[PDB]
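Asks: Before I ask anything, here's the sequence and the deposited coordinates:
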Number of protein chains: 2
Amino acid sequence: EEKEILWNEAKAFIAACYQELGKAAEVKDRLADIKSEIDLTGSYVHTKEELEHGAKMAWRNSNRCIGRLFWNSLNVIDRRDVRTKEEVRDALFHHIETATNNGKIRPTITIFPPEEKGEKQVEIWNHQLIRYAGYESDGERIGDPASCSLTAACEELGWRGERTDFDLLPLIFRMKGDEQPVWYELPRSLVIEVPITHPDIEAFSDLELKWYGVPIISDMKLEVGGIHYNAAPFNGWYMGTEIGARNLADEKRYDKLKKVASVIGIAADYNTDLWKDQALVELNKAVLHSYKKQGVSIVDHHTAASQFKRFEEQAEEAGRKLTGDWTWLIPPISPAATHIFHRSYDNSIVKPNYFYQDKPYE
Amino acid sequence: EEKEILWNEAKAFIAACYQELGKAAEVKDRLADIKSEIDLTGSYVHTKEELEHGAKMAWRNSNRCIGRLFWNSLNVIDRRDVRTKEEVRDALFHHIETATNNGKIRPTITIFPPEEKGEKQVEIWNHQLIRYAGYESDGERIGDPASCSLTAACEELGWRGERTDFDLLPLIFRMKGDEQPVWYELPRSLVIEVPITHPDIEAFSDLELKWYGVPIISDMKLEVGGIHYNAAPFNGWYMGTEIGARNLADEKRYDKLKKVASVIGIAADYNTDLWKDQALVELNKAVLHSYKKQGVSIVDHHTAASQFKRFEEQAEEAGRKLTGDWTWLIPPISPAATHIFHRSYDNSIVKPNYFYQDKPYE
Ligand code: HEM
Ligand code: HEM
Ligand SMILES: Cc1cc(N)nc(CCc2cncc(CCc3cc(C)nc(N)c3)c2)c1
Ligand SMILES: Cc1cc(N)nc(CCc2cncc(CCc3cc(C)nc(N)c3)c2)c1
Ligand SMILES: C[C@H](O)[C@H](O)[C@H]1CNc2nc(N)[nH]c(=O)c2N1
Ligand SMILES: C[C@H](O)[C@H](O)[C@H]1CNc2nc(N)[nH]c(=O)c2N1
Ligand SMILES: [Cl-]
Ligand SMILES: [Cl-]
């Protein structure tokens, strides 16, 4: 039953992948080899080209990603050879280091062994390799509320945070065979952080805001040709809105708009003053300014939308059918100022692709 | 064939309408009367209660409307008795006058005779009873580009605009039997306009911006129980974003962001400065300020979203299933600051409702 699914997804992937690579003739043989490998081993193994390209195709088919223009420049690290929790840990450390690149962020994915019989070889508990801890107890909210579950789950296993608003969560993952996951404290020399300051408002530094430079997603499954790489952390650079309009602005997150309104010298009393809208912009101006001033890669939503437009154009020219999720593609600040707002997108799911998978804890 | 459709939509509407009104017992008889009326006349006629309520239900089911909270306070004018183009003209004049109410805008709908055999008795060419003319010739763009087709169609019939950026388009509609539509110049004493000024920036008045106070939609069909009221102009007040983030901001409209950026003293050179986002807010602050300062009703998107939330709550409490269009419900400025952004809506179409119908010209 399962070997039928795997076989059909393999035929589809190889025939398409080799067509884009220009190896349409090599399809016939590679198919037969796969047919035997699935017949005997129950699962086939990707070549380095198939894996590297399949990961690039997956990014290209991420309907909710606005930065898909550079899908073909994805730096792919093949760590399907790891067996010990030290190799995995070091691989995670390396990914952070190489992807950060002193600030010149490289879109990188590290690929660990896939699910064998649906059985995870590696199980990463982090949603992002670099994230801030969250604490909620006695009506006291500290840090990132979105990380409350993982933080508590980490603290159930002997980890303890300093209870600042920006405690670096440890790398926590579980091996196949192990009943409990292990956790490792993040070497702070590997983590670039950016303090948020305003280009013309010196009082903005009184807010003492900051964020990590590199978003490394580690809660999604890379699916390539029937093979399920559940542990494949990937990263790009930030679109400024993600930090200033969601992470630091949301009431369910850092909730900083009232404090931002105070330091910029506007009242936060009346809706018709649009103080939230005004605070949102200045905060986002501060974020972009701070990242550029530090030398950490970042993109504004207007530039990102322009890049995504070229991606649309590039897609049509290559004969590729375009897919996208309008609700996620539009930026949370001035969405009507982008071309994305004024056109529709097909939200059909095309494989290879990245799929969200629920965490073992909460 | 048709009389089957009309009969089923009549059963559904009357049984539901009379249930909400508390006249569930009167359903049985009224149904039978309708059954005979459709049998003989080919179409039935609504009572004043059924029409008034059906129009309120239609507003309540407008998935793309954020201001549905006050659906039950809709002022319904029943002008199904008009026969001459003077009665229709005066009815249109009256609607404008009563709905404006010196600035205290009343949500009002004027209902003209429905399509008889699918044949329109009245055919309104305006998209809004009050709108600005648009001119495009010799690379010269004047007025509202969205109104270019109608403006040219009006000028084909002897009308001529002064070619300012805010020429009031004439009321233009066609009668059943007439081959051509008639046009009437709008009595300017009936039209409230609001000059746009900034609360703290005196240089904003140098832009010489303004907009009409009342949006009166006249391009949609009111469908109530199988009956098609193609000509039923309705109005509410403005949500500030509609004027400042779409009408005056869009490149395909008035395209004022660069000029707004200049008068507020910011550079319009770099994307990372977020000058578009910053200009958008200040322009929208100016719009809300100008309407409140003049005494013309208006709502900000934050207040509107709060009102729409009560509508959601009211819906659940009444046992009513909620329907909405997320893509239209979110405001084009700071959408993530509203609850609407963080929840989903069923975009199912429930009747009675308002349906868009293409204009006879372009
Ligand atoms: C080059 C820098 C990149 C930028 C600026 C970017 C931008 C974004 C943004 C803004 C989102 C939506 C976040 C939200 O508002 O919720 C997103 C989603 C996503 N991006 Fe990208 N992205 C980048 C690189 C990548 C890379 C390298 C991959 C993987 C190969 C990727 C795959 C995805 C996926 C899978 C999602 C959806 C995640 C989910 O389910 O929520 N992106 N991207
Ligand atoms: C009370 C004041 C009202 C406000 C503030 C309001 C607000 C809005 C807004 C913002 C939109 C979307 C416009 C856009 O962004 O494209 C909308 C759409 C709509 N509203 Fe309302 N509305 C109001 C009253 C009414 C009334 C009185 C009716 C009719 C009974 C109505 C029916 C609709 C319909 C049918 C649409 C969709 C029109 C289309 O197809 O584009 N609304 N409303
Ligand atoms: C590679 C990459 C780059 C970038 N700039 N942003 C992202 C998205 C980051 C991101 C941040 N916060 C939240 C999410 C979504 C979380 C999420 C949660 C659930 C339940 N289902 C989903 N499909 C997704 C994504 C990814
Ligand atoms: C009663 C009412 C109040 C209000 N504040 N806004 C509206 C919507 C006004 C409005 C302005 N510009 C454009 C539109 C949509 C035009 C439109 C165009 C097409 C092709 N299909 C549609 N369904 C709709 C609506 C209606
Ligand atoms: C494709 C997209 O859903 C469509 O163009 C919607 C987007 N949201 C919108 N929002 C508003 N206010 N008005 C519109 O016409 C639209 N159009
Ligand atoms: C219901 C709604 O479509 C859903 O919550 C979407 C809206 N758009 C979004 N946009 C972003 N950036 N992130 C999200 O998680 C969502 N969620
Ligand atoms: Cl993030
Ligand atoms: Cl309008």
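Replies: Structure's in. What do you need? Numbering: from 1, shown residues only, chains lettered A, B, ... in the order given. Ligands and ions are numbered 1, 2, ... in the order given.
Asks: and stretch A:267-287, does that touch chain B?
Replies: Yes - contact of stretch A:267-287 with chain B is found when judged by CB under 8 Å from any CB of the partner chain, involving A:271, A:272, A:273, A:274, A:276, A:277, A:278, A:280, A:281, A:284, A:285. C-beta: built from backbone N, CA, C; applies to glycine.
Asks: And the fifth one, how far from residue B:284?
Replies: Residue A:276 sits 12 Å away from residue B:284 when distances are taken as CB to CB, to the nearest Å.
Asks: Neighbour count: those two, which is higher?
Replies: Shown here are residue A:276 and residue B:284; by other CB atoms under 10 Å in any protein chain shown, residue B:284 has more neighbours (28 against 24).
Asks: tell me which residues in the helix or strand harbouring that one are buried?
Replies: In this structure, residue B:284 is located in helix B:275-294 according to DSSP states H and E. Buried residues in helix B:275-294, counted by 16 or more other CB atoms under 10 Å in any protein chain shown: B:275-292.
Asks: Mind checking what helix or strand follows that helix in sequence?
Replies: Downstream of helix B:275-294, the next assigned helix or strand under DSSP H and E is strand B:298-299.
Asks: residue boundaries of the helices in chain A?
Replies: A:2-21, A:27-41, A:48-60, A:85-100, A:148-155, A:240-241, A:257-263, A:275-294, A:301-317, A:326-329 (DSSP state H).
Asks: Residue numbers of chain A in contact with ligand 1?
Replies: Taking CB under 6 Å from any ligand atom as the criterion, chain A approaches ligand 1 at residues A:59, A:62, A:64-67, A:70, A:74, A:107, A:109, A:220, A:234, A:236-237, A:239, A:242, A:299, A:304, A:328, A:354, A:356.
Asks: circling back to that earlier point, who are the neighbours of the helix holding residue B:284, in terms of helices and strands?
Replies: In terms of contact count using 3 or more CB pairs under 8 Å, 6 or more residues apart in numbering or on different chains; DSSP states H and E, helix B:275-294 is assigned the packing partners helix A:275-294, strand B:193-195, helix B:240-241, helix B:257-263, strand B:298-299.
Asks: Output stretch A:155-170 as CSV, restricted to C-alpha atoms.
Replies: Only the C-alpha atoms of stretch A:155-170 are listed here, as CSV (Å, rounded to 0.1, in the frame of the first residue of the first chain):
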residue,chain,number,x,y,z
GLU,A,155,12.6,23.5,32.2
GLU,A,156,11.1,20.1,32.9
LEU,A,157,14.3,18.6,31.7
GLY,A,158,16.8,20.5,33.9
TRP,A,159,17.2,23.7,31.9
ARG,A,160,16.7,27.1,33.6
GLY,A,161,16.4,30.5,32.0
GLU,A,162,17.6,33.8,33.6
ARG,A,163,14.0,35.1,33.1
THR,A,164,15.0,38.1,31.0
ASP,A,165,12.8,39.1,28.1
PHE,A,166,15.3,37.6,25.6
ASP,A,167,16.5,34.3,27.1
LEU,A,168,18.1,32.1,24.3
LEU,A,169,16.2,28.8,24.3
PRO,A,170,18.5,25.7,24.1
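Asks: Would you tell me which residues of chain A are close to ligand 3?
Replies: Proximity of chain A to ligand 3 is assessed by CB under 6 Å from any ligand atom, with A:215, A:217, A:234, A:235, A:236, A:238, A:239, A:242, A:356 identified as the residues in range.
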